[PDB]
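Keeping their order, the protein sequence lines are chains A and B. One gets the deposited numbering by counting positions in the first sequence from 1 and adding 2 to each. For reference, each letter of the second sequence is one residue, going 489 to 623, 638 to 688 in the deposited numbering.
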Amino acid sequence: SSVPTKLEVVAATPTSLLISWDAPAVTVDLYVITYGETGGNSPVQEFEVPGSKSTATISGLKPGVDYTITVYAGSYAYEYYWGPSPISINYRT
Amino acid sequence: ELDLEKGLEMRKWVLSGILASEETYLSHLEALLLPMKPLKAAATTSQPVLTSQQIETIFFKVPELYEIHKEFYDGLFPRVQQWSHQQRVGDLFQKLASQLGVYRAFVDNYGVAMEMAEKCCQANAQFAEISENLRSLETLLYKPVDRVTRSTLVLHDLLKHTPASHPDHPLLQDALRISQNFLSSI
Numbered sequence: 003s004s005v006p007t008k009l010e011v012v013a014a015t016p017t018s019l020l021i022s023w024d025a026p027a028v029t030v031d032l033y034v035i036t037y038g039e040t041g042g043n044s045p046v047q048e049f050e051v052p053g054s055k056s057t058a059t060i061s062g063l064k065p066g067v068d069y070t071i072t073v074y075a076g077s078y079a080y081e082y083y084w085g086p087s088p089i090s091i092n093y094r095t
Numbered sequence: 489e490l491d492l493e494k495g496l497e498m499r500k501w502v503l504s505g506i507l508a509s510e511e512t513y514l515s516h517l518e519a520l521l522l523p524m525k526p527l528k529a530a531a532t533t534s535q536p537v538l539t540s541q542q543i544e545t546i547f548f549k550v551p552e553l554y555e556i557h558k559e560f561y562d563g564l565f566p567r568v569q570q571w572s573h574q575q576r577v578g579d580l581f582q583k584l585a586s587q588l589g590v591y592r593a594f595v596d597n598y599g600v601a602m603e604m605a606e607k608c609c610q611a612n613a614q615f616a617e618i619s620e621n622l623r638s639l640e641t642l643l644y645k646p647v648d649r650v651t652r653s654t655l656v657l658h659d660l661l662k663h664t665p666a667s668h669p670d671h672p673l674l675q676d677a678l679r680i681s682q683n684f685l686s687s688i
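Next comes the structure, spelled out in structure tokens:
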């Protein structure tokens with residue numbers, strides 16, 4: 003596929019998550035990982051992950067809380083650098 | 489979970505997260521421990537900040553907690569750096585669970601320690617300053647309580663990626679049982 007697909011949480015601790023996705027068939031220049039409490043009790047945050055990876059660790063989370071997590075992919079193969087269809091999941095820690 | 493090769497990687501990740509969490513916890517314990525030295529020094533002089541009794545009440549079992557978690561962290565770290573299906577970590581978790589008596593003593597005393605420390609921060613001049621820059639004091643005193651409550655959660659999170667064919671499985675399951683029993687008794 004041309005864009006990241008099949009985002010999922012594959013492991014967890016009470017305050018951290020390992021997300022994983024299917025890497026696209028392009029050279030990814032940069033990933034941006036976005037996450038925040040789905041209900042807005044704390045702000046949305048972002049961090050960067052190298053394009054050679056297809057997993058990311060999110061730490062410092064609150065236990066027993068709903069989070070929304072989104073992966074953005076930047077590639078010089080993409081018309082406007084960022085891919086046309088970022089992928090999101092919800093997860094309760 | 490059914491792919492044992494993926495499970496091996498997931499188990500390493502959980503153990504890496506436990507290491508990072510222990511690092512953070514050990515730093516908070518150290519933050520509590522550091523003012524004990526000058527406090528105990530001044531207590532035996534004619535210008536004490538807190539009496540020895542107040543020190544023993546507030547800081548009860550903090551050195552002991554530090555020792556058992558330092559033992560656990562130092563034992564676990566090299567095993568994660570040499571990771572394979574052959575690696576076994578279960579005895580470390582059993583050993584920590586065997587030491588839950590330290591936590592029982594700490595939790596039993598927490599309310600008294602919390603009150604004693606809140607009094608002095610509201611009234612004592614030098615100790616309120618100490619509790620203001622702890623590498638607050640009352641925030642750190644809750645760390646052992648908040649954490650042991652999550653002990654069965656982390657053990658379950660590790661067992662989720664440990665197959666029944668691996669000899670760590672019965673050890674981790676037993677540590678979880680003992681930890682569940684401890685939480686039930688509290």
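C-beta: ideal position from N, C-alpha, C; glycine also.
Check                                                                                                       : Outcome
Beta strand (DSSP E) segment containing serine 22(A), residue limits                                        : 18-24
Opposing strand residues paired with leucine 32(A) [DSSP bridges]                                           : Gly76(A)
Proximity to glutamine 582(B) [Cα-Cα], best of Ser504(B), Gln614(B) and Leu657(B)                           : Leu657(B)
Same chain, Cβ closer than 6 Å to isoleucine 680(B), five either side skipped, listed in chain order        : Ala585
Assigned exposure category for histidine 573(B) - 16 Cβ within 10 Å defines buried                          : exposed
For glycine 38(A) and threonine 70(A), the rounded distance between their alpha carbons                     : 6 Å
Coil, strand or helix - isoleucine 618(B) by DSSP                                                           : helix
Under 7 Å from the C-beta of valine 12(A): neighbouring residues of chain B                                 : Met498
Three CB pairs or more closer than 8 Å across the segment 28-43 of chain A and the segment 67-85 of chain A : yes
Pairwise C-alpha distance: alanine 27(A) and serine 4(A)                                                    : 5 Å
Simplified DSSP assignment, three categories, for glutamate 48(A)                                           : strand
One or two residues paired with residue 626(B) in a DSSP bridge                                             : The gap in chain B between 623 and 638 takes in residue 626(B), so it carries no coordinates here.
Burial state of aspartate 659(B), where buried means 16 or more other Cβ atoms lie within 10 Å              : buried
Three-way DSSP call (helix, strand, coil) for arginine 94(A) in this model                                  : strand
Terminal residues of the alpha helix (DSSP H) in which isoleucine 556(B) lies                               : 550-569
Buried/exposed call for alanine 529(B), threshold 16 Cβ in 10 Å                                             : exposed
Boundaries (first-last residue) of the alpha helix (DSSP H) holding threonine 512(B)                        : 492-521
Contact list for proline 65(A) against chain B, beta-carbon separation under 9 Å                            : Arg652 and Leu655
Cβ-based contacts, 8 Å cut-off: residues of the segment 502-514 of chain B near chain A                     : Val502, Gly505, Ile506, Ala508 and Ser509
Buried versus exposed, by CB contacts within 10 Å (16 or more), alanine 14(A)                               : buried
Under 8 Å by beta carbon: chain A residues contacting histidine 663(B)                                      : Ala13
Between the CA atoms of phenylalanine 565(B) and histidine 671(B) - distance to the nearest angstrom        : 19 Å
As assigned by DSSP and simplified to three states, the class of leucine 63(A)                              : coil
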